[PDB]
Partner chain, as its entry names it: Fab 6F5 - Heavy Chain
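Okay, here we've got a single chain as structure tokens, the form solved without its partner chain, with questions on binding and movement later.
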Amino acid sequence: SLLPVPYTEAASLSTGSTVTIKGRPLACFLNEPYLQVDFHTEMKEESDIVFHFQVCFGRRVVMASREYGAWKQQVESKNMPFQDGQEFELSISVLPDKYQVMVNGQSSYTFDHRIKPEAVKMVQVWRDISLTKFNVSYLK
């Protein structure tokens, strides 16, 4: 669809920021398409990842960070609010102590800050989706 995927955008985040994403999986859930959102410390795709969010649609969600090149402390969730064949709206809010992921208006995942969100310089959205909206708030 409309936006290029992998989608890369320079970004700054602090408490009160929201990243909003609207997209659709490229395959039915039986084929297990993926979605990934990574908040990076630099514009280079190989830079460290403050917040890694990976959906295997219809199956599970994994969250982690990547620090000095190494994956740290993967956590896993079976919560699966995404619907087979449907467009989704994903919202990632930066709270004082954690990221909160809303899916279609419903709180679905949280991830405690391991690194200050001020370290984020870039967000990348990729894998098996099409993308029609990506927005970061810059109000505060």
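Positions refer to the first chain, counted from 1.
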| item | value |
| --- | --- |
| Higher-scoring stretch by recorded Cα B factor average, 64-72 or 31-39 | 64-72 |
| Residue 130 by Cα B-factor - lowest, middle or highest third of the modelled chain | highest |
| Chain-relative CA temperature factor third for residue 101 | lowest |
| Lowest, middle or highest third - CA B-factor, residue 56 | middle |
| Third assignment of residue 83 from its chain's C-alpha B-factors | highest |
| Among modelled residues of the same chain, the CA temperature factor third for residue 115 | highest |
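Heads up, the form solved in complex with its partner chain isn't pictured, but that's what we're talking about next.
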| query | finding |
| --- | --- |
| Any non-hydrogen atom of residue 89 within 4.5 angstroms of its partner chain in the deposited complex | no |
| Sequence-ordered list of residues in 105-131 near its partner chain in the deposited complex, where near means a heavy atom within 4.5 Å | 113, 114, 115, 116, 118, 119 |
